[PDB]
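Undergrad: Here's a sequence, model it:
(chains A, B, C, D, E, F, G, H and I, ligands or ions: 26)
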Amino acid sequence: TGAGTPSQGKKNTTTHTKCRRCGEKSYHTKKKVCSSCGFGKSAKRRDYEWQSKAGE
Amino acid sequence: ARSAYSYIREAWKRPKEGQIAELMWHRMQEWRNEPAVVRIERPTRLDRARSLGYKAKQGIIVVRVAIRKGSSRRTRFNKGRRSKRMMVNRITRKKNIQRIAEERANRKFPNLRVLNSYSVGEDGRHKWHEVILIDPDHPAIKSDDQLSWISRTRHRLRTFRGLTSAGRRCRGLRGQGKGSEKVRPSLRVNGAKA
Amino acid sequence: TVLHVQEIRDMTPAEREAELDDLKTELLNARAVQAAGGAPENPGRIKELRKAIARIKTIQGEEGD
Amino acid sequence: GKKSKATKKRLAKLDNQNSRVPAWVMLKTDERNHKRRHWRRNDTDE
Amino acid sequence: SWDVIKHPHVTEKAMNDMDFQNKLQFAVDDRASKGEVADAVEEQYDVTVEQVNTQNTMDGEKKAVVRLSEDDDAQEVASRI
Amino acid sequence: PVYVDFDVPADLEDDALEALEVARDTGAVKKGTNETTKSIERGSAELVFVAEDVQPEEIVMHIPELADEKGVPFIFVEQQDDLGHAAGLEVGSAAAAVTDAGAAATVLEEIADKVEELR
RNA sequence: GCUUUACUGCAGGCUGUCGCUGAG
RNA sequence: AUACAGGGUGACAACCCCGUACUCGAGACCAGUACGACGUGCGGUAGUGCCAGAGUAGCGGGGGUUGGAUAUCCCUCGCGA
RNA sequence: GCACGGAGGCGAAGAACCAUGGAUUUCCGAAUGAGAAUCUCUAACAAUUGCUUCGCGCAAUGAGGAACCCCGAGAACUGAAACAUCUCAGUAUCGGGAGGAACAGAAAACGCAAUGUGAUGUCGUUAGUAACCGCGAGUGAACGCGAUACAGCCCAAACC
Ligand SMILES: [Cl-]
Ligand SMILES: [Cl-]
Ligand SMILES: [K+]
Ligand SMILES: [Mg+2]
Ligand SMILES: [Mg+2]
Ligand SMILES: [Mg+2]
Ligand SMILES: [Mg+2]
Ligand SMILES: [Mg+2]
Ligand SMILES: [Mg+2]
Ligand SMILES: [Mg+2]
Ligand SMILES: [Mg+2]
Ligand SMILES: [Mg+2]
Ligand SMILES: [Mg+2]
Ligand code: NA
Ligand code: NA
Ligand code: NA
Ligand code: NA
Ligand code: NA
Ligand code: NA
Ligand code: NA
Ligand code: NA
Ligand code: NA
Ligand code: NA
Ligand code: NA
Ligand code: NA
Ligand code: NA
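TA: Numbering: from 1, shown residues only, chains lettered A, B, ... in the order given. Ligands and ions are numbered 1, 2, ... in the order given. Please see the structure below:
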């Protein structure tokens, strides 16, 4: 089976959803954790120093 | 004449001698059956506490903390590293055990602030320290002229910033002269080389 | 406009509440007429009805009811 | 699929945000809805 | 405080329910239960509500289909507004 | 318990606590482990009281030997609050010292004997 | 990337010692 | 013109308009600081071995860190005034 | 309101507009009664603490913030024309947290050795000096001095 086009058909599962906290469509409804703000994992908001250049 | 306290002090100079020697063998059994952080009504070292700033007052708390002995509980590298950094067993943390204790005790009491601390012995694998913590919100402390300084907003979470007793000592801040070049006024400001 | 602040404070706690429920009904009937594509509108009012109501509520709080 | 009461609400908003700039605004501004979304060509969130 | 009734839902189909079945359709706040819609309706139009069917609309509001007792007349109650 | 080397029968203790109350009214008494320590050192102590429910025991551990090398007599009390109450305090008391009895120099002296005999 | 009696180190296993640790 | 800074105005504007110099007013910070005042009482002589912070000072095993070399600062295991 | 349409309205009962103060301020959110993709289920400081009338009665914490600050964890490419110590560098990045600034701070100091200096930051200089280093490549202070600003105190104990 092609990993390409034919394997794309079975994709009707829902994972990432509108986030109650941040409003971004990153709330993984299966993990109940947001990949964008970290809602469901961290009380504090997900944030990293590498989201920008070292000296900025 | 000698203060009664002077005798407690005197017995803790050689904790493995005389009566205190037998007390420890006693307690340490009940101690190993207690939690990591246990609040206690009275300091086991009264001269020690009082000497550190303890009072028999409302808003003052003391607690015993158990921490493991030894070096760092460090995971081995999962990626590239030069031999110098492939180290695991001989790596020890840069923050002494007394200081971990003070912290674990502080977190257990979110509203309290660490005043000071002292060791109360250790066995083969624990290390115990009793920590003195003050309620900066309780009047009686807010109204005490020798403690109210800890109430100031600028003191929020002292331990976590190394403003504690053992915090500053561990920070290499003891000497005011030779040897404290990269220590004072702060490690971080000195490029962290101390 | 047709209902001033003085006049509102010259009411008794009960008059304000009487007046409030009055405005609410005028407004509700305004929205029904609007909901029926009704043209006999006069837009300056359905807007005045909202502000009036807000004044009445505002005074009620100030006066203690 | 089975939608919730919240979900239904947003889909509703989106359908509304999918209208065109009223003819009177053209006149009033002396002269484009950049958020026009087609059900087939585009994809909403959730 | 939010009010239960928002305004009457007048459409062709709302007319037929009215003329043919003595029903009044309203645009209510979605947090309102069939109970709250019933009472609010009776108190506002001084009528007897027999039944209340509701639907959360693709418009973001909640529609309510209220039937009045044979004793009241929908066509009339709606005519005065 | 580690500083306690002999058991004081309930009754003896009562006469002791009784003797203590008349002392505070008729004679002199020191309340508190520090003051009491200063009595034994200074020699102005005649009979010293030591509670047995003191925790941490460090607070009293020294009384015994200190007392013996100062010839001063001492008696054990079970409850810390009783010795407090008996001393006239609203709080408890780890130790107390009868600095010159009062209208009990007799009873007192004999308690000191009774204990000396209690080994 | 892989291999080994290539070079240098690291975990881990075995073993002596010290602490926990006491009586005859 | 104590005003020839800058802008606007149907084209190059000190004098068309805003403003600009001059003078004046207000809020904020300085700061619950400086000054002032209230209370407290500083200091000196002689005598007195009454008091003055311990797993510390110090040594040893192993690391880290530093310019710190024997002579940086720190951790950990043992010993210890 | 941006926003110059249409209709209609508000302003001398002084609107617009601006300043200060006040009212209102849905739901989710540290999110705190419980569960949930912003909704639902049947009184709530959930959790961890302090005081405690031992009743959540009175309080604290939690999250955010442009960077700055403090305490911990800590690479590799790279340089050495290879490369291991060394270097990049306590850098990137990670964990915990403070404030409007942090941190430091009134000597068990300095040691131009003196009949001298006199808390601490920071700035200039001392100096690419002293010191380190497959003594290779590289790394690298301090005292003092000239300045800025200045400020000196509280316990523990003895004796009560
Ligand atoms: Cl703290
Ligand atoms: Cl000098
Ligand atoms: K390297
Ligand atoms: Mg593939
Ligand atoms: Mg700084
Ligand atoms: Mg449509
Ligand atoms: Mg239904
Ligand atoms: Mg290095
Ligand atoms: Mg909840
Ligand atoms: Mg190279
Ligand atoms: Mg070379
Ligand atoms: Mg370097
Ligand atoms: Mg120097
Ligand atoms: Na705390
Ligand atoms: Na260092
Ligand atoms: Na689509
Ligand atoms: Na509507
Ligand atoms: Na390969
Ligand atoms: Na060592
Ligand atoms: Na508001
Ligand atoms: Na709270
Ligand atoms: Na409570
Ligand atoms: Na090269
Ligand atoms: Na190479
Ligand atoms: Na080297
Ligand atoms: Na000079």
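Undergrad: Counting neighbours, what do you get for residue E:3?
TA: 13 (other CB atoms under 10 Å in any protein chain shown). Any C-beta I mention is one placed from the backbone N, CA and C, and that applies to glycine too.
Undergrad: quick check, it in a strand?
TA: No: with DSSP: H, G, I helix; E, B strand; the rest coil as the criterion, residue E:3 is assigned coil and is not in a strand.
Undergrad: Find the nearest non-adjacent residue to it, please.
TA: residue E:29 (7.0 Å; CB to CB, 6 or more residues apart in numbering or on different chains).
Undergrad: And residue B:43, by the same measure?
TA: In space, and not counting its chain neighbours, residue B:43 is closest to residue B:49: 3.7 Å by CB to CB, 6+ apart.
Undergrad: The one you found: how many residues sit nearby?
TA: 24.
Undergrad: before we move on, what about residue C:24?
TA: Residue C:24 has 14 neighbouring residues, counting by other CB under 10 Å.
Undergrad: Over to residue F:24?
TA: Using other CB under 10 Å, residue F:24 has 18 other residues around it.
Undergrad: Now do the SS call for it.
TA: Assignment for residue F:24 (three-state DSSP): helix.
Undergrad: So in terms of bridging, what pairs with residue B:38?
TA: residue B:64 (DSSP bridges).
Undergrad: Tally up the residues packed near it, please.
TA: 15.
Undergrad: next one: residue B:163
TA: Neighbours around residue B:163, by other CB under 10 Å: 15.
Undergrad: if I look at the residue nearest to it when sequence neighbours are not counted, how far off is residue B:117?
TA: Nearest residue to residue B:163, sequence neighbours excluded (CB to CB, 6+ apart): residue B:155, at 7.2 Å. To residue B:117, residue B:155 is 16 Å away according to CB to CB, to the nearest Å.
Undergrad: Could you double-check that residue A:18 lies in contact with residue D:9?
TA: No: counting by CB atoms under 8 Å, residue A:18 stays clear of residue D:9, with 11.0 Å between them.
Undergrad: and the residue nearest to residue B:163, how far is that from chain F?
TA: 29 Å (CB to the nearest CB, to the nearest Å).
Undergrad: Then residue C:42?
TA: According to CB to the nearest CB, residue C:42 stands 82 Å off from chain F.
Undergrad: Number of residues surrounding that residue?
TA: 9.
Undergrad: Look up how far residue F:44 lies from it.
TA: Residue C:42 is 103 Å from residue F:44, by CB to CB.
Undergrad: same thing with residue D:16?
TA: 95 Å.
Undergrad: ok, residue 22 - contacts?
TA: Picking chain A for this. Residues near residue A:22 by CB atoms under 8 Å, 6 or more residues apart in numbering or on different chains: A:34, A:36-37, A:39, A:45.
Undergrad: You answered for a different chain; I wanted chain B.
TA: Listed by CB under 8 Å, 6+ apart, the contact set of residue B:22 reads residue F:2.
Undergrad: secondary structure element for it?
TA: Residue B:22 is part of helix B:18-31 when elements are defined by DSSP states H and E.
Undergrad: rewinding a little: can you report phi and psi for the residue nearest to residue B:163?
TA: phi -110, psi 0 (degrees, to the nearest 10).
Undergrad: which residues of chain C fall in helices?
TA: Assigned by DSSP state H, chain C shows helices spanning C:5-9, C:13-35, C:44-63.
Undergrad: mind listing what residue 26 touches?
TA: Since you didn't name a chain, this refers to chain A. Counted by CB under 8 Å, 6+ apart, residue A:26 has contacts A:16, A:19, A:34-37.
Undergrad: nope, chain F please
TA: F:101-104.
Undergrad: secondary structure class for residue F:21?
TA: Residue F:21 ends up helix, using three-state DSSP.
Undergrad: picking that back up, pull the distance from the helix holding residue B:22 to the chain's centre.
TA: 21 Å (CA atoms, centre = their mean, to the nearest Å).
Undergrad: in chain A, what residue is nearest RNA strand G?
TA: Across chain A, the shortest distance to RNA strand G (CB to the nearest atom of the strand) belongs to residue A:3, at 22.7 Å.
Undergrad: Is that residue within a helix or a strand, and which one?
TA: Using DSSP H and E, residue A:3 falls within no helix or strand.
Undergrad: who in chain C is up against chain E?
TA: Selection of chain C residues close to chain E by CB under 8 Å from any CB of the partner chain yields C:24, C:28-29, C:31-37.
Undergrad: run the last query once more with 10 Å
TA: Within reach of chain E by CB under 10 Å from any CB of the partner chain, chain C has these residues: C:24-25, C:27-38, C:57.
Undergrad: same check, this time on chain D
TA: Residues of chain D lying near chain E (CB under 10 Å from any CB): D:3, D:5, D:8-13, D:15-16.
Undergrad: Restricted to buried residues, select those in PyMOL.
TA: PyMOL command restricting those to the buried ones, with burial defined by 16 or more other CB atoms under 10 Å in any protein chain shown:
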select buried, chain D and resi 9+10+12
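Undergrad: my read: residue B:44 touches residue B:27, true?
TA: Yes: contact criterion CB atoms under 10 Å: residue B:44 and residue B:27 qualify, at 7.9 Å.
Undergrad: shared neighbours of the two, anything?
TA: Taking CB atoms under 10 Å, 6 or more residues apart in numbering or on different chains as the contact rule, residue B:44 and residue B:27 both touch B:64, B:120-121, B:128, F:55-57.
Undergrad: For residue B:147, which residues are in contact?
TA: By CB under 10 Å, 6+ apart, residue B:147 lies in contact with B:53, B:55, B:57, B:59-60, B:115, B:134, B:136, B:140-141.
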